[PDB]
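The next block holds one structure in the form of structure tokens; read it before the comments.
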Amino acid sequence: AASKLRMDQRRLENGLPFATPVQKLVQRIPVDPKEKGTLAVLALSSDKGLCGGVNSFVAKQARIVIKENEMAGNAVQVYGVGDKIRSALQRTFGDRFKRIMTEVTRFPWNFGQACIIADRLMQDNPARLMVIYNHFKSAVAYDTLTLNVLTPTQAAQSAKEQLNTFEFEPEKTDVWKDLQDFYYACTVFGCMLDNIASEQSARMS
Amino acid sequence: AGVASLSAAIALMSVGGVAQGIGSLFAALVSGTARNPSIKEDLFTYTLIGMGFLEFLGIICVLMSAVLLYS
Amino acid sequence: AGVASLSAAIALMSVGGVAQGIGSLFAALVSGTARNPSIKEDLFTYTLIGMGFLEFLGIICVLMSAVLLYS
Amino acid sequence: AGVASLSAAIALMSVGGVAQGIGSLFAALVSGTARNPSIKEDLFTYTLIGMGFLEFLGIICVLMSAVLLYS
Amino acid sequence: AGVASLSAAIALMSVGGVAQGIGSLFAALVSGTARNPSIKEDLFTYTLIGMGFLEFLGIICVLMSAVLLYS
Amino acid sequence: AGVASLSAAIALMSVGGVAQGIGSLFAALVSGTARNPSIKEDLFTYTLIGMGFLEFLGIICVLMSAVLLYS
Amino acid sequence: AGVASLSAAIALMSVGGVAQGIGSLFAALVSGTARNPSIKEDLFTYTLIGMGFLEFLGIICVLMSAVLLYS
Amino acid sequence: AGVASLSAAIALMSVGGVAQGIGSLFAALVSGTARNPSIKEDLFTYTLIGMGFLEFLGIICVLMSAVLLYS
Amino acid sequence: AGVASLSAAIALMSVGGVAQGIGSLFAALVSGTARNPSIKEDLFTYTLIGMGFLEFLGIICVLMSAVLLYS
Amino acid sequence: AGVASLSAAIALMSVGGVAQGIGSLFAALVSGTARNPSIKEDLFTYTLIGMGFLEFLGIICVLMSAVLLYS
Amino acid sequence: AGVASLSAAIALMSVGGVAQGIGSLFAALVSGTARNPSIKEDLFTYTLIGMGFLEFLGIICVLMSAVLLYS
Amino acid sequence: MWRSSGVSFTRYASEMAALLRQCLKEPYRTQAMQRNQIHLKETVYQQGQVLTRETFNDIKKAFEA
Amino acid sequence: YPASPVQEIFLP
Amino acid sequence: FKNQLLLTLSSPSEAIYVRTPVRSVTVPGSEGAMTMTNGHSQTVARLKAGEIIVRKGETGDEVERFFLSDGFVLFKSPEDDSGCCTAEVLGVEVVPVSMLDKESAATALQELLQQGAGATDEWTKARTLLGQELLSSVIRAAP
Amino acid sequence: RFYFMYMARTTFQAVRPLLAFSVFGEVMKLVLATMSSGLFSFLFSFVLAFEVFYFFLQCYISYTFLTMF
């Protein structure tokens with residue numbers, strides 16, 4: 001599998017510079033995770049086994065986050081990538097799903113498989129979003145994370161005074177609706193690439 | 001003295017510029033409010049201040065007419 | 001005393017500077033409404049303020065005409 | 001019979017001031033549809049209000065020209 | 001060949017404004033087309049409405065011009 | 001001497017507005033072309049329409065000048 | 001016989017341009033305000049500078065107009 | 001007879017608007033190039049077209065001035 | 001009196017275009033500041049150069065007025 | 001030659017429109033160069049081309065003035 | 001010098017226009033500098049050329065006035 | 001444009017990159033169309049009780065739904 | 001009043 | 001470091017530059033083209049199509065073309081010290097020009113107009129038009 | 001004062017079609033009585049179709065406004 005790992009490291013170092021900038025731009029707007037509203041988790045995962053317990057750690061974090069956001073009274077919805085997350089939550093939190101995806105990595109990772117999922121979210125516009133994944137620190141260790149994400153409803157409640165340093169060639173109100181979508185796509189891109197690399201590094205245990 | 005009427009009319013043939021200025025003001029107000037409603041409470045103030053000049057000008061452009069009409 | 005009937009028209013020539021103001025104003029109203037519809041209720045309001053002065057100016061250009069036509 | 005004509009022909013210059021302003025209004029309406037076709041209406045009404053006011057101004061200028069022609 | 005000719009020529013100083021209004025209209029049309037072809041025949045429609053007033057106004061001038069040349 | 005000459009020239013000072021309208025119109029075309037270089041026949045068509053109307057008004061002004069000259 | 005008043009008026013016609021200039025100033029001001037309030041005051045400052053010239057010009061006009069109405 | 005010179009000089013006041021139009025047009029070209037210097041030519045073409053019409057206007061104005069002068 | 005004072009006021013009618021120029025200029029100053037304040041003072045300079053020309057014209061006009069009123 | 005001098009002075013008012021044209025032209029040049037310096041030189045030529053036309057207007061006005069001055 | 005005075009006073013209504021022109025120029029420059037400061041100099045150079053031509057015009061009109069004040 | 005047609009920006013971007021890739025040369029076009037394959041299996045839920053499971057081999061049929 | 005059509009009206 | 005333009009030109013699949021120093025860049029914004037150098041203002045812009053053009057400090061006159069379908073650009077000012085101004089050009093599909101053709105372009109154009117003859121839906125018509133634009137751009141930008 | 005403004009508007013929007021139906025017709029009658037060719041009469045027939053569209057457009061505008069009253 002080391003070969004696949006070389007390929008995935010290459011895709012990261014050749015697909016991260018793409019995503020990083022717009023995300024580090026739009027994160028200039030602070031996101032209050034304790035905000036209220038219809039949550040929407042995108043718990044990423046794998047599709048096979050032999051990956052250690054990375055999916056276990058993902059599902060653990062998701063269980064905790066949901067048991068939290070439900071005691072606070074916020075409705076919940078669970079999006080996913082992979083049948084492992086399904087098998088790991090279909091019984092405990094099977095009443096909350098809204099959409100799930102599989103057979104993703106049968107073919108190499110691309111931008112289309114991310115644009116599609118981003119569109120499914122936009123069309124299913126929730127008030128607040130969240131993403132979970134396994135950042136690929138080193139070839140022998142990873143780090144699970146939870147990215148909060150800026151949704152249109154969190155944006156409309158902000159005059160966006162943090163970006164006024166920037167000059168948007170089309171006016172802000174004419175470019176924001178396309179920049180948020182690019183942001184979602186780049187987000188999913190980076191998260192899944194890191195998840196894949198972590199999965200593979202585990203498989204080579 | 002029929003000329004005084006002509007002069008009073010002439011002196012009154014310049015509120016058009018005043019009106020075009022006011023139009024520019026409130027157009028930019030409305031626009032700048034479309035791009036940022038949260039700040040209306042300031043976009044208004046400054047607008048008023050601008051008028052605080054035009055109006056004055058306008059008054060002159062009116063006042064003097066009467067003068068030029070009698071004297 | 002035909003000069004009176006001249007001063008009247010020389011005064012009404014101003015309205016061409018008022019109509020352009022109103023036009024630009026409502027153009028900005030429309031365009032702004034094409035970006036942030038959810039706040040039309042404010043735009044129109046502010047717009048009215050503008051007209052609330054423009055028309056007044058226009059009225060003068062008419063009123064004084066009559067004056068310059070009789071007195 | 002020699003001055004009234006001049007007065008009328010002079011009052012018919014506000015019209016070139018008006019056509020400008022109507023052109024801008026409808027140009028802004030057009031571009032507004034080009035930016036957000038989902039709302040053609042909710043613009044046509046505001047456009048129509050502005051155009052009513054401008055048509056009133058045009059009526060004033062024409063009417064007073066006719067007056068000064070017959071007076 | 002007296003003053004009535006002068007008046008009928010002065011009454012053709014308004015056509016400038018009409019032409020400028022029409023230019024603004026069709027320029028905004030061309031722009032909103034280059035920006036959204038899918039709705040050409042919508043824009044055009046609204047464009048025509050504007051003409052219904054401008055053309056009209058312009059014609060009035062011309063007509064009134066003759067009215068003064070053959071008082 | 002030839003007051004008809006003055007009437008002609010006066011009636012022939014309106015081509016400025018016509019020319020300005022034409023320029024603005026063709027400017028929008030060129031802009032709209034630079035932005036959408038594949039959509040040109042439609043822009044050219046609408047341009048030619050507006051130019052027909054403008055040339056009509058300009059020909060009116062010129063012919064009326066000549067008339068007032070050879071009155 | 002009252003040419004002094006005529007000259008005073010012909011002087012007080014220029015105020016239109018001054019009003020238009022002031023309007024463009026404060027329009028850009030509220031615009032720049034809507035686009036970057038964190039610098040708001042600075043803009044105000046610079047704006048005033050321009051006024052300090054326009055008004056000056058304006059003053060002269062009115063001042064000079066008086067000089068003519070009394071000579 | 002010195003009036004013919006008056007009428008001529010008056011007839012030439014249109015060249016101003018003509019040049020203004022040509023300026024707007026060439027500004028549109030100079031921009032369209034920067035915005036899209038792949039073409040540089042189709043824009044030049046439509047430019048020459050518009051200048052064809054504008055040159056016709058300027059030329060008839062000049063010739064009419066010389067006419068009204070010599071007569 | 002009449003002719004000289006008339007010429008003075010006439011010459012002093014060219015103080016409006018100057019104000020319009022200054023308005024456009026400081027408006028662009030304000031806008032270019034709002035878009036990029038880190039070079040604020042490197043823009044002010046240029047506007048001053050503008051005065052160095054515009055103001056002169058203004059001054060000159062004013063000057064000539066007095067000359068026309070004392071010659 | 002009083003009336004000849006008035007004819008000259010009235011002819012020069014073509015200038016004032018020419019200047020606005022050249023201003024818009026070189027302004028579009030300046031801007032389109034701040035955007036895309038890679039093409040600077042090209043833009044220049046185009047302006048010159050346009051300038052050509054405008055120049056062959058300016059002098060004419062001036063020249064006609066002289067013509068109308070020396071009868 | 002009764003009428004030469006009016007001829008001069010009329011010769012200086014172009015200046016206004018010129019001013020406008022200049023204004024526009026510098027406006028553009030300023031903006032095209034708030035965008036890409038590293039390209040001041042180039043812009044400046046081009047800008048001068050504009051002013052150059054404009055000043056010529058300016059100069060011309062002023063000088064003609066003096067001529068029309070003596071001749 | 002697309003906004004008025006009830007459409008997202010990513011749809012436009014992808015459906016135009018498709019044409020761009022179709023306008024390429026073979027030694028690189030085959031590579032591209034290899035690295036840009038698509039195979040999804042979308043599944044929907046509603047309190048459990050699946051409403052549908054649909055496979056997606058191409059971009060257009062994926063976005064249309 | 002050489003400009004009889006115009007001069008006569010005002011300032012005769 | 002130095003006072004150069006640190007370009008980074010990125011596609012999802014192959015980053016061609018990361019922090020490469022250059023003198024001048026051209027990018028086809030939505031309004032129109034725009035050229036980026038040092039000193040330029042913090043800006044963002046959407047792209048629509050066209051041939052990015054890069055010119056290096058060691059080249060000056062030697063250039064590098066790169067076609068682009070859609071995407072964004074983000075020009076950020078230097079850190080307080082580095083003196084180096086950074087530019088991100090994010091293109092969903094960045095292509096060099098040696099790897100383009102005119103025959104397949106015309107063929108896809110005809111295919112698109114055929115698919116668009118059945119113009120009933122909004123997205124179909126918009127797609128037809130935008131494709132016309134992109135393919136014209138390719139043809140004019142192609143060898 | 002308002003009542004005068006509104007009756008003026010009403011009367012203008014009531015006569016707007018009457019003009020395009022009567023005075024434009026008189027103008028065209030003048031052209032016909034002055035000219036006799038056919039080619040110029042061909043452009044004239046085109047322009048008459050245009051004036052028909054114009055009358056229908058003015059009718060639409062007056063109807064719209066009156067509906068707004």
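Convention: chains lettered A, B, ... in structure tokens order; per-chain residue numbering from 1; ligands numbered from 1 as shown.
Shell of residue 37 (chain L) at 12 Å, with only C-alpha atoms counted and residues fewer than 2 places along the chain excluded, is residues 104, 105, 106, 107, 108, 109, 110, 111, 112 and 113 of chain A; 18, 30, 31, 32, 33, 34, 35, 39, 40, 56, 57, 58 and 59 of chain L.
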Show which residues sit within 10 Å of residue 63 (chain D), as a ChimeraX atom specification. Count only C-alpha atoms, and ignore same-chain residues fewer than 4 positions away.
-> /D:8,11-12,57-59,67-69 /O:8
Find the residues of chain N in contact range of chain K, meaning any atom within 10 Å when counting only C-alpha atoms, and list them as a ChimeraX atom specification.
-> /N:35-43
Write the residues of the preceding selection, restricted to C-alpha atoms, as a compact mmCIF listing (two decimals), in the first residue's frame.
```txt
# COMPACT_ATOMS: atom_id res chain seq x y z
CA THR N 35 -2.40 42.46 -14.67
CA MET N 36 -0.79 41.85 -11.29
CA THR N 37 2.61 42.97 -10.02
CA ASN N 38 4.10 44.06 -6.72
CA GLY N 39 2.37 46.93 -4.96
CA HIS N 40 -1.03 45.98 -6.37
CA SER N 41 -3.87 46.21 -3.88
CA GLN N 42 -5.33 43.39 -1.81
CA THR N 43 -8.01 42.10 -4.15
```
Sorted by chain and rising residue number, which residues of chain E lie within 10 Å of chain M, and what are their closest atom pairs and distances in Å to one decimal, counting only C-alpha atoms, as JSON lines?
```
{"residue": "E:1", "atom": "CA", "partner": "M:5", "partner_atom": "CA", "distance": 9.9}
{"residue": "E:2", "atom": "CA", "partner": "M:5", "partner_atom": "CA", "distance": 6.4}
{"residue": "E:3", "atom": "CA", "partner": "M:5", "partner_atom": "CA", "distance": 5.9}
{"residue": "E:4", "atom": "CA", "partner": "M:5", "partner_atom": "CA", "distance": 9.6}
{"residue": "E:6", "atom": "CA", "partner": "M:5", "partner_atom": "CA", "distance": 9.5}
```
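Sharing one sequence, chain D and chain C superpose at an RMSD of 0.6 Å, with all Cα atoms paired in order.
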Residues of chain A within 10 Å of chain N, only C-alpha atoms counted, as a VMD selection string = chain A and resid 10 to 19 21 to 22 25 109 to 111 165 to 172 175 178 to 179 182 186 189
Can I get the selected residues back with C-alpha atoms, as a PDB file, in the first residue's frame?
```pdb
ATOM      1  CA  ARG A  10       1.417  13.677  -3.939  1.00  0.00           C
ATOM      2  CA  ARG A  11      -2.267  14.524  -4.380  1.00  0.00           C
ATOM      3  CA  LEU A  12      -2.276  16.334  -1.033  1.00  0.00           C
ATOM      4  CA  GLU A  13       0.783  18.453  -1.776  1.00  0.00           C
ATOM      5  CA  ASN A  14      -0.751  19.081  -5.228  1.00  0.00           C
ATOM      6  CA  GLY A  15      -4.302  19.697  -3.991  1.00  0.00           C
ATOM      7  CA  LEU A  16      -3.897  21.565  -0.704  1.00  0.00           C
ATOM      8  CA  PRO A  17      -2.511  24.848  -2.101  1.00  0.00           C
ATOM      9  CA  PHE A  18      -5.737  24.913  -4.107  1.00  0.00           C
ATOM     10  CA  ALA A  19      -8.070  24.711  -1.112  1.00  0.00           C
ATOM     11  CA  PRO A  21      -6.446  30.076   0.529  1.00  0.00           C
ATOM     12  CA  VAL A  22     -10.203  30.568   0.183  1.00  0.00           C
ATOM     13  CA  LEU A  25      -9.951  33.851   3.799  1.00  0.00           C
ATOM     14  CA  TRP A 109     -10.262  11.622  -5.867  1.00  0.00           C
ATOM     15  CA  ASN A 110     -11.403  14.534  -8.005  1.00  0.00           C
ATOM     16  CA  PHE A 111     -13.236  17.850  -7.839  1.00  0.00           C
ATOM     17  CA  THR A 165      -9.784  45.144   3.334  1.00  0.00           C
ATOM     18  CA  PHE A 166     -10.362  43.261   0.077  1.00  0.00           C
ATOM     19  CA  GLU A 167     -11.553  44.627  -3.264  1.00  0.00           C
ATOM     20  CA  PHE A 168     -13.977  42.209  -4.890  1.00  0.00           C
ATOM     21  CA  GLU A 169     -13.914  42.840  -8.635  1.00  0.00           C
ATOM     22  CA  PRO A 170     -17.623  42.102  -8.864  1.00  0.00           C
ATOM     23  CA  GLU A 171     -19.315  43.622  -5.853  1.00  0.00           C
ATOM     24  CA  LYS A 172     -19.478  41.551  -2.662  1.00  0.00           C
ATOM     25  CA  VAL A 175     -19.528  37.322  -5.846  1.00  0.00           C
ATOM     26  CA  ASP A 178     -20.260  31.879  -5.829  1.00  0.00           C
ATOM     27  CA  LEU A 179     -17.436  32.180  -3.332  1.00  0.00           C
ATOM     28  CA  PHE A 182     -16.219  27.365  -4.014  1.00  0.00           C
ATOM     29  CA  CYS A 186     -12.476  23.253  -1.401  1.00  0.00           C
ATOM     30  CA  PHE A 189     -11.665  18.418  -1.089  1.00  0.00           C
TER      31      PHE A 189
END
```
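One finds CA of residue 15 (chain K) at 26.9 Å from CA of residue 50 (chain B).
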